[PDB]
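K.L.:
If you're matching positions, the sequence shown starts at 22 in PDB author numbering and goes up one per residue.
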Amino acid sequence: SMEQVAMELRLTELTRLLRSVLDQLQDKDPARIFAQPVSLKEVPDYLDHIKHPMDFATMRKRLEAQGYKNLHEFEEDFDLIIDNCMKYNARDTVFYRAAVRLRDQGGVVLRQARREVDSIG
Ligand code: NA
Numbered sequence: 022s023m024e025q026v027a028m029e030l031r032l033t034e035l036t037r038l039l040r041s042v043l044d045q046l047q048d049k050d051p052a053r054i055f056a057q058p059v060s061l062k063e064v065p066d067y068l069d070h071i072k073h074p075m076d077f078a079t080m081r082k083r084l085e086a087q088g089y090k091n092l093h094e095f096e097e098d099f100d101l102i103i104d105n106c107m108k109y110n111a112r113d114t115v116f117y118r119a120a121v122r123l124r125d126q127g128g129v130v131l132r133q134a135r136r137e138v139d140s141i142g
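#1: Can you tell me where the alpha helix (DSSP H) with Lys62 in it begins and where it stops?
#2: Relative to the C-alpha of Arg124, which candidate in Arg83, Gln45, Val115 and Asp100 has its C-alpha closest?
#3: When you measure from the CB of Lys72 to every non-hydrogen atom of the ligand NA, does any distance come out below 8 Å?
#4: Quick check: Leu43 and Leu84, are their CB atoms within less than 9 Å of each other?
#5: Quick check on DSSP: helix, strand or coil for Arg112?
#6: Put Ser41 into one of helix, strand or coil per three-state DSSP.
#7: Exposed or buried, what is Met23 when buried is set at 16 or more other beta-carbons lying within 10 Å of its beta-carbon?
#8: Secondary structure at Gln87, three-state DSSP: helix, strand or coil?
#9: Look at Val130 and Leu46 and say whether their C-beta atoms are less than 9 Å apart.
#10: Please classify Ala119 as buried or exposed, where buried requires at least 16 other C-beta atoms within 10 Å of its C-beta.
#11: Tell me the rounded alpha-carbon separation between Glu97 and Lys72.
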């Protein structure tokens, strides 16, 4: 139908805007601490600690499949990255500190993305 096409074009455009959002957030992680899944070879007990692992590569896969239906879903996954890190790692670690910086710097990006998504529909 024409409506299914129109809905598909809206999802494509959302995907384009979330891709730019993801690029901007990942720039706030220049050490690449959150770029890939935590390695189960190297942290073999990780899944005993963290039930829903997340990282930027995994988000990018979902994004390119048009798997985010709205900005809320995308923010949920970003928040897992931060929140998982802040639980597994102690406050005095490079990892925890990197997550706090990512959260603080990403807040700005996500604030305007919410306005852009509401504005463009
Ligand atoms: Na902790």
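Backbone N, C-alpha and C define an ideal beta-carbon position, used for all residues, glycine too.
P.N.:
Reading off the structure:
#1: Taken as a continuous stretch (DSSP letters only), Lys62 belongs to no alpha helix (DSSP H), as it is neither H nor E.
#2: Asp100
#3: no
#4: yes
#5: coil
#6: helix
#7: exposed
#8: coil
#9: yes
#10: buried
#11: 14 Å
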